[PDB]
Amino acid sequence: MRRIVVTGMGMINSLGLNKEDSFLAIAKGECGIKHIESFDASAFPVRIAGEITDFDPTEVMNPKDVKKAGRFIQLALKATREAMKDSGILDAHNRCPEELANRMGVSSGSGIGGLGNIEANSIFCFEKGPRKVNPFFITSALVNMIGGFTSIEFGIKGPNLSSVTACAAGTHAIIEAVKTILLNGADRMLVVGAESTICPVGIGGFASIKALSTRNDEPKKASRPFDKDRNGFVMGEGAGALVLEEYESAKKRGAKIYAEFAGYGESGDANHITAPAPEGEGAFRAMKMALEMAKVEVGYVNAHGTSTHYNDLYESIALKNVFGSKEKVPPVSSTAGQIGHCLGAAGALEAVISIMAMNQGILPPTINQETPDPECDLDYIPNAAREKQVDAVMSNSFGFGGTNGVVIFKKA
Amino acid sequence: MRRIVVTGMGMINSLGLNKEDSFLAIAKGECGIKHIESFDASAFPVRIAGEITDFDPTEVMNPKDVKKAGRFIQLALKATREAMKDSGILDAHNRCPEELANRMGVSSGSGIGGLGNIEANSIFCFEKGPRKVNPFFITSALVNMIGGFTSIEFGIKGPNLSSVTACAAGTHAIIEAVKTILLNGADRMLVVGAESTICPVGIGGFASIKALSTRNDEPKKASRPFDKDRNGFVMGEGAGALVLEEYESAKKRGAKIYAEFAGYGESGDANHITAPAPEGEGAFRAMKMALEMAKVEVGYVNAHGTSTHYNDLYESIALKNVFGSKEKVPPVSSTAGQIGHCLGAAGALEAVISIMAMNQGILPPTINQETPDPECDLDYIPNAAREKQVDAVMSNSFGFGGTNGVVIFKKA
Amino acid sequence: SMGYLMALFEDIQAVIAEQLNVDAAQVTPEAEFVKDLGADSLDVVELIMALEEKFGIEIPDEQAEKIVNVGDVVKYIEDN
Amino acid sequence: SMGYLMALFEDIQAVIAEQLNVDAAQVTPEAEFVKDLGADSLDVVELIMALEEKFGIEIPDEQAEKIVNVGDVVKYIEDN
Ligand SMILES: *P(=O)(O)OCC(C)(C)[C@H](O)C(=O)NCCC(=O)NCCS
Ligand SMILES: *P(=O)(O)OCC(C)(C)[C@H](O)C(=O)NCCC(=O)NCCS
């Protein structure tokens with residue numbers, strides 16, 4: 001069918017403000033997880049998170065507009081600006097050329113978007129009445145306002161789409177973009193996943209279901225995917241961004257080619273609202289469907305690997321079953337140890353990370369591997385990055401509601 | 001490409017608990033707007049809404065699980081149960097047959113999902129700390145839990161996708177399901193748009209930007225699309241659901257065939273975060289791309305028509321422009337007078353309404369047409385339904401962020 | 001007092017029954033939540049919170065972790 | 001007095017300046033919000049809210065409709 005390439009990338013997370021600084025720190029096995037300081041978490045059972053402390057919103061938008069955008073959108077406007085410039089597509093005004101604008105869209109993803117803004121205006125309304133609800137509340141908080149602000153910022157007028165499938169949103173935003181190009185609804189798609197939920201009701205929500213790690217004393221050992229001492233995820237904030245283009249278009253305009261899109265898979269467990277399907281059954285089907293569609297040898301897997309008991313175990317089971325045996329599973333790592341699990345943004349961050357691993361022949365490690373889990377018996381690239389050339393990479397994402405998405409990119 | 005038909009439908013709104021009662025009332029020009037009573041709005045500047053007062057969640061859910069679902073999910077379960085039953089797909093245990101289950105997915109749409117749940121738990125946390133955050137908060141609130149709860153109730157394990165494009169989410173949810181089936185990712189999809197945000201911060205959010213009608217002294221004349229005395233929309237709640245099915249597989253099953261999918265269009269304005277593009281330019285392009293893809297004669301248009309100044313005006317201009325002239329615009333009606341504008345659910349509700357209008361040769365009116373607007377000069381089927389047979393229908397949806405979606409269904 | 005203890009038992013039984021749509025028939029001291037009452041990881045953590053909310057108490061996380069049956073929960077609350 | 005009036009005007013200039021992200025230079029009594037200050041429907045109503053916060057006011061909704069130049073707002077706050 002139609003062919004699709006990645007021509008621009010960007011990302012911002014707790015280990016870097018750009019994809020270059022971020023990936024290096026991730027491949028070195030550093031860790032951006034810190035103690036929450038965006039809010040007073042002193043009374044909370046969970047006081048750590050993958051916070052970005054160096055991010056300045058007034059660098060990506062003028063000071064008047066900062067109050068109109070939730071933090072996840074500010075992060076998205078940074079990552080997309082990097083990717084859009086990286087792509088070389090912008091004109092002299094830093095805007096998409098007019099003759100191309102109708103055919104370039106945006107596919108955005110977030111699990112919940114502007115939670116802190118909903119929380120704040122909810123409290124305003126509950127303390128002072130509705131007249132204290134700020135006019136900029138709604139458009140600062142809706143998930144699709146990522147595509148809203150980004151499309152106005154770059155003048156792209158193609159399909160403007162938003163995925164909100166929980167912790168798989170960033171991967172589904174990639175796939176919906178692919179589908180749109182494959183069906184000739186666009187020739188290019190800005191893709192961006194973005195999430196920033198480090199706020200009281202955000203941390204308390206995941207604490208009250210015991211989803212989060214409570215290793216507060218050690219923020220840099222808390223997130224440990226597949227380890228035997230894993231005791232919950234650590235919430236991270238960030239955004240990742242890709243530019244996708246139909247292959248001939250990219251060639252004609254002389255594009256940088258990071259990767260070619262190879263295959264995808266989507267499924268639902270129809271089992272449980274938070275727990276994974278037994279044996280990762282839904283994950284298995286999405287992974288098989290992506291592998292059958294890519295028809296390439298995957299040399300590296302970026303796992304969802306959120307540091308929970310069920311995900312790491314049921315994701316490991318599904319990986320064996322799809323590759324046949326534990327010996328046939330390619331090298332796997334989760335980078336959630338380094339930057340935390342970034343929820344709706346994870347799928348997008350981990351596609352950028354995975355393609356860069358391929359580009360550089362450097363496979364980042366899973367950090368904090370201290371005690372092998374006998375039931376998690378794969379090669380998780382423990383602690384130290386592996387220099388290895390791969391020709392294709394696969395990234396997995398699963399969300400509450402049992403929704404699964406998998407993407408495979410291959411070498412250009 | 002592959003052929004897509006509608007084989008089951010369901011809907012709930014402020015004028016009925018199922019599609020038969022509701023459509024009858026809507027075609028008769030009845031109005032479900034009333035005074036708000038689901039919270040204390042006595043100190044609010046807007047005190048009217050399309051509230052559903054006869055809905056009992058315990059009729060769709062085990063009473064013990066009502067607490068796990070936001071009100072928008074409860075409405076989605078009501079509408080999807082009706083459409084699934086209507087489709088004849090369900091087995092003796094009201095679940096999808098296991099050998100069809102992997103190829104039937106779910107495409108869900110909502111603007112914000114469980115806002116009242118986020119508001120309530122934000123307030124618990126602020127007033128009494130994170131130990132008062134209810135454990136069922138997150139999974140009651142996420143937009144994609146519509147697909148989560150429904151896929152579990154019906155045992156459908158195909159692609160599980162959610163659209164969060166604001167007031168166009170319901171229509172984009174249809175389009176993502178169509179795209180999924182076109183690309184062979186599923187043979188059937190359950191589509192459902194659902195929204196319930198009649199809560200203090202939801203009403204406060206929209207009054208803060210002066211988007212809501214303030215005719216609190218006359219709830220059933222407040223919503224009046226295209227009328228010269230319109231003064232803002234009226235918020236409604238509800239859910240619409242459709243079963244989409246590849247054509248050969250539907251005929252094999254003996255399915256009933258309500259309609260055939262004919263075309264769609266999607267675009268972004270890249271203009272303003274709440275106001276439409278000048279001359280409804282993004283709407284024009286989305287409508288043009290749907291009409292060019294359908295290649296049929298559209299005999300009725302269910303307009304977005306929310307009863308604000310801007311939409312009604314610029315939607316009318318874009319309609320004229322796309323059909324060529326005022327005389328060449330098919331009959332147009334907005335049913336938001338009758339049931340309110342239902343935000344993320346509107347596109348799903350209005351696809352059901354449009355298709356039923358086709359099925360029964362009855363075009364429902366735009367009600368409360370008392371004063372012609374010179375700038376709004378189309379045929380809006382004023383005040384009383386028109387008995388007229390049509391062979392295709394078009395439904396428009398636009399959302400904050402300038403995101404547009406259009407779908408056309410044709411007789412079959 | 002023994003009467004006070006029996007009243008506390010009645011209240012706990014009612015709470016476990018409602019939160020889990022189960023009749024007071026099954027809420028016996030030997031009823032384990034997952035096998036006998038049909039609960040899950042989320043229902044249990046939610047039952048324990050409305051206990052702390054209705055009885056104005058605060059079950060520390062360690063004791064909440066060992067809860068396997070209604071008998072155990074009631075005995076912990078009595079020890080309080 | 002005249003000094004009080006000057007202080008009030010300067011406070012209004014500060015709020016209108018921070019909200020619309022413009023110098024206190026352009027916010028003169030004859031400056032129009034949409035034409036001269038680069039504002040929009042959402043910016044004016046949000047500026048009006050901020051003033052109802054910096055100057056204890058509660059402008060009723062009908063008076064906010066007739067607001068074209070910064071002078072209107074300043075004179076309303078004067079009549080306070
Ligand atoms: P139960 O054992 O299901 O308890 C609920 C918890 C919170 C443990 C929940 O099921 C869970 O943590 N599931 C793990 C699934 C997972 O990590 N999925 C990825 C989305 S974050
Ligand atoms: P400003 O002149 O942008 O005015 C703000 C309001 C709230 C009037 C805004 O422009 C508006 O009306 N936005 C939505 C218009 C509409 O009806 N859109 C359809 C999607 S709800």
Side-chain angles (χ1 to χ4, degrees), chain A residues 43-44 102 105 111-112 118-119 121-123 125-126 129-130 133-135 137-139 142-145 147-148 151-152 155-166 172 176 179 182-183 185 200-201 203-209 266-268 270-271 273-274 282 285 399-403, chain B residues 43-44 102 105-106 111-112 118-119 121-123 125-126 129-130 133-135 137-139 142-145 147-148 151-152 155-166 172 176 179 182-183 185 200-201 203-205 207-209 266-268 270-271 273-274 282 285 399-403:
Chain A
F44 278 67
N102 286 2
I112 194 146
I118 306 176
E119 168 182 56
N121 280 287
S122 293
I123 286 155
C125 196
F126 171 83
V133 165
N134 187 284
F137 160 45
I138 304 261
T139 44
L142 305 171
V143 168
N144 73 296
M145 280 337 265
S151 69
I152 291 155
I156 48 194
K157 306 175 142 169
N160 196 309
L161 307 172
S162 235
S163 307
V164 67
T165 36
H172 282 137
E176 189 161 32
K179 289 188 182 150
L182 292 182
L183 268 65
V201 86
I203 296 282
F206 280 110
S208 75
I209 55 165
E266 332 169 278
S267 73
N271 185 263
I273 67 190
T274 55
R285 294 186 270 119
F400 281 177
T403 182
Chain B
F44 278 61
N102 288 353
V106 54
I112 200 164
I118 303 176
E119 161 181 54
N121 279 267
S122 301
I123 290 161
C125 198
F126 175 79
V133 165
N134 192 301
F137 160 47
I138 294 285
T139 47
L142 301 178
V143 166
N144 72 299
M145 284 330 279
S151 71
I152 288 164
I156 47 189
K157 293 161 106 130
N160 197 300
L161 320 165
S162 258
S163 329
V164 67
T165 30
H172 281 136
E176 200 171 5
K179 291 184 184 158
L182 288 176
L183 291 161
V201 87
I203 295 293
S208 194
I209 69 184
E266 335 175 272
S267 67
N271 182 63
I273 56 175
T274 58
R285 287 185 282 120
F400 281 178
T403 175

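Naming: A, B, ... by sequence-line order, numbering from 1 per chain. Atom set for the values below is all heavy atoms of this structure, side chains included, hydrogens, waters and symmetry mates excluded.
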When [options] are compared by non-hydrogen pairs under 4.5 Å with chain A, the top option:
{"options": "B/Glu176, B/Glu119, B/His172", "value": "B/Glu176"}
{"options": "B/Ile209, B/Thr165, B/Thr139", "value": "B/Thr165"}
{"options": "B/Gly204, B/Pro200, B/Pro159", "value": "B/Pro159"}
{"options": "B/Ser122, B/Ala43, B/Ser151", "value": "B/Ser122"}
{"options": "B/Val106, B/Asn102, B/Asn121", "value": "B/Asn102"}
{"options": "B/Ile138, B/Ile123, B/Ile156", "value": "B/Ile123"}

Among [options], which residue forms the greatest number of heavy-atom pairs with chain B at distances under 4.5 Å?
{"options": "A/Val143, A/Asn134, A/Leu183", "value": "A/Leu183"}
{"options": "A/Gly147, A/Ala166, A/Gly129, A/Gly155", "value": "A/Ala166"}
{"options": "A/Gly282, A/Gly401, A/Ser162", "value": "A/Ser162"}
{"options": "A/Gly148, A/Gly399, A/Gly158", "value": "A/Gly158"}

Practice task
Report the residues that fulfil side-chain contact (heavy atoms from CB on, under 4.5 Å) with A/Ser208, sequence neighbours left out, ordered by chain and then residue number.
Solution key: B/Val133, B/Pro135

Identify which part of [X] has an atom lying under 4.5 Å from any heavy atom of chain B, answering side chain, backbone, both or neither.
{"X": "A/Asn271", "answer": "backbone"}
{"X": "A/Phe400", "answer": "both"}
{"X": "A/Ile203", "answer": "neither"}
{"X": "A/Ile273", "answer": "both"}
{"X": "A/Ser267", "answer": "both"}
{"X": "A/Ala207", "answer": "neither"}
{"X": "A/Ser163", "answer": "both"}

Problem - Among B/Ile112, B/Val164, B/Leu161, B/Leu142, side chain to side chain contact (heavy atoms under 4.5 Å, CB included) partner for A/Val164 - result: B/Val164

Practice task
Give the minimum heavy-atom separation between B/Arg285 and A/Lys157, together with the two atoms involved.
Solution key: NH1-O, 2.8 Å

Practice task
Quick one: closest heavy-atom pair of A/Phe44 and B/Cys125, and the distance?
Solution key: CZ-SG, 4.1 Å

Exercise for the section: Quick one: list whatever passes salt bridge (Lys or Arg N to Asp or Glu O under 4.0 Å) with B/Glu266, sequence neighbours left out. Expected result: B/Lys179

